[PDB]
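Let's start with one chain on its own, the form deposited in one PDB entry, as structure tokens.
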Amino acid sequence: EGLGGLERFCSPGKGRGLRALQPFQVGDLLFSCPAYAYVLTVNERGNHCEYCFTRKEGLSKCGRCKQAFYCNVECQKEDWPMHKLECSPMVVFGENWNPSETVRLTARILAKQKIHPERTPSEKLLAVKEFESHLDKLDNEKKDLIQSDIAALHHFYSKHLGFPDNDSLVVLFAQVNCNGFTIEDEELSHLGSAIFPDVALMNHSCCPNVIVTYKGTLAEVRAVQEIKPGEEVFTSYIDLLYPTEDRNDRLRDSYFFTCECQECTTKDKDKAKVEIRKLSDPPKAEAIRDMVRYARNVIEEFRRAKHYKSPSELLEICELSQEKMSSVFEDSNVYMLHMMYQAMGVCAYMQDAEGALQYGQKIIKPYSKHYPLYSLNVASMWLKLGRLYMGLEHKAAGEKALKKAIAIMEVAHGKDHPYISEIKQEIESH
């Protein structure tokens, strides 16, 4: 059928999209869409159920592989048609079993089509076969990364899968890299990847009118602005903190397009985001271009460093970069804030909560002013800063920060969402 209040249409310049037929207010559920295929990330095993993504302590372990946990035998046998793709190879390959998460998700996509080749209730407006691939635009270096995924697919998932032509496998991974979703928790921590066909129909905008939240394996779409009949439903694919140039670089790299919304054409927030300190002698333009290029490099340098460097060395990257940037950038600069945010996360892992709160409170005020009204990046930041206070018995500034997240999350997740209950339950704990 068709989702009530919404209609599929061809947006001029954006291919296909989702358009509203009835008015939607801030907080209204536009539609819900169950996952077509989904996988729990490796680092969250034991904390969430494999079948329904229920976070709970004490989960029944899988007898054969011991690396898959369920709430009970109910969720176990329900997940077996998909778990059988990995249960046996995880023990046979042992340490050598390490497929990418995109390959894990793709292997279950092929499995779902094999045991359910007709339209699922997850694709009432956009079938999985209709996913745009951008195959024409794949760079040669990008083509080897997709071929390396097909090689791992045959390497790990050859037991239960009937593989189509290699041409059909290249286009399948291309669609997954464009239409794939990453499930996140309340703290915006990575929980897994999934495919939501009807949700993938919505286009991108740096000033979106809806935000996507998750209730286990079910994706919920809720309006973050006022949506009138005839207006297209827009979401955000990327982190809206960085300037127009940085945003469109991720968009062109990962999705093969350049955003042309109000923010991207006028560069309104580019002044406040690339904020410069107006000392007596204003920094020359070349001194600004050098620091911005320096800031983007060290941000990518920190991403590689986390994979193999000690926490004390990751904190040294932040404190060194902050010194070099503080000569030109004000503390409200998004690059200064990013490094300070990474330093806050490293302190939270070393359980130096006092040091993380000094970073969290410093950045929270300038952080929120660069985001939309109801943003999950701001809500999760208030949650992280909130729960750190509750562990140090600072329940004054703790519940004050938690109510800020609840205010934003009640619009994004909804008032009945389970995340809203647990945060209220954390303020009740005396």
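From 1 onward, residues are counted along the sequence shown.
Per the PDB record, of the two stretches 354 to 362 and 323 to 331, 323 to 331 carries the greater mean B-factor over its C-alpha atoms.
In this entry, 134 to 142 has the higher mean Cα B-factor, the comparison being between 192 to 200 and 134 to 142. Across the residues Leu218, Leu314, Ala152, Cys71, the deposited record lists the maximum Cα B factor for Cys71.
Per the deposited coordinates, the residue with the largest Cα temperature factor out of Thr182, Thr265, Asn177, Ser205 is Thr265.
For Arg247, the recorded CA B-factor ranks within the lowest third of the chain. Only modelled residues enter the ranking. Sorting the modelled residues of the chain by their CA temperature factor places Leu59 in the highest third. Among the modelled residues of its chain, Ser11 has a C-alpha B-factor that falls in the lowest third according to the deposited record. Among all modelled residues in this chain, the alpha-carbon of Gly398 has a temperature factor (C-alpha) in the middle third. Sorting the modelled residues of the chain by their CA temperature factor places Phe156 in the middle third.
Just so you know, the form solved in complex with a partner chain exists too; it's not on screen, but the next bit is about it.
The listed set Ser148, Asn166, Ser310, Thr182 contains one residue whose heavy atoms approach the partner chain in the deposited complex to within 4.5 Å, identified as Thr182. Between the options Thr217, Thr102, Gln76, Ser332, the residue in contact with the partner chain in the deposited complex by a heavy atom within 4.5 angstroms is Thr102.
Contact check for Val176, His338 and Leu376: all three have a heavy atom within 4.5 Å of the partner chain in the deposited complex. When the partner chain is considered in the deposited complex, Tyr242 lines it closely, a heavy atom lying within 4.5 Å. Heavy atoms of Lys284 never reach within 4.5 Å of the partner chain in the deposited complex, leaving it off the interface. Residue contact check for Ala272: none of its heavy atoms lie within 4.5 Å of the partner chain in the deposited complex. When contacts are judged by a 4.5 Å heavy atom cut-off, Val233 does not count as touching the partner chain in the deposited complex.
In plain terms, the part of the chain that comes close to the partner chain in the deposited complex, with a heavy atom within 4.5 Å, is 298 to 306 out of 298 to 306, 273 to 281, 315 to 323, 117 to 125.
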